[PDB]
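Asker: Sharing a structure here in structure tokens format.
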Amino acid sequence: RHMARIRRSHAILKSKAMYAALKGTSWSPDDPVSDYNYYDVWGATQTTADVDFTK
Amino acid sequence: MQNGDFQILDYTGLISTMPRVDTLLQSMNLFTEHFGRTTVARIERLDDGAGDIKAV
């Protein structure tokens, strides 16, 4: 039972880390050392194609 | 038959009717039947999950 819990906990973390990449940030929830912001690191910006459904 | 006392009749049989009964659910075999011995039943349930893994 404990082994299965450990496996599932690692699997969840992998998916969360992969998701965190798209938003342009590294995943290090409890550590400021490796908390990178890629837009800042590479010197870029985020463009927004906001869509309005009300019209 | 006999109408009154001095007259006769023609007899045409009987008519019968019954109400409706629905059997939709029984046709779906959705339930399972168990036969016990006493009027008390016990059920046990188990839950499991996962957790977070923070950086170290």
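We name chains A, B, ... following the order of the structure tokens; residues begin at 1 in each chain, and ligands are numbered from 1 as shown.
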Pick out the residues sitting within 12 Å of residue 12 in chain B, and hand them over as JSON, numbers by chain; count only C-alpha atoms, and ignore anything fewer than 3 positions along from it in its own chain.
Answerer: {"B": [1, 9, 15]}
Asker: Next, dump the selected residues to file, keeping only C-alpha atoms, as a PDB file, in the first residue's frame.
Answerer:
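The new file selection-v4.pdb reads:
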```pdb
ATOM      1  CA  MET B   1     -80.914 -17.626 -19.651  1.00  0.00           C
ATOM      2  CA  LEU B   9     -82.746 -14.498 -23.680  1.00  0.00           C
ATOM      3  CA  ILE B  15     -65.861  -9.591 -20.702  1.00  0.00           C
TER       4      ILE B  15
END
```
Asker: Output the contact residues of chain A with respect to chain B at a cut-off of 8 Å, based on only C-alpha atoms, as a list in words.
Answerer: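 Taking only C-alpha atoms into account, residues 5, 6, 8, 9, 10, 12, 13, 28, 29, 30 and 31 of chain A sit within 8 Å of chain B.
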Asker: Mind pulling up the distance from CA of residue 33 in chain B to CA of residue 45 in chain B?
Answerer: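 Between CA of residue 45 in chain B and CA of residue 33 in chain B the gap works out to 19.8 Å.
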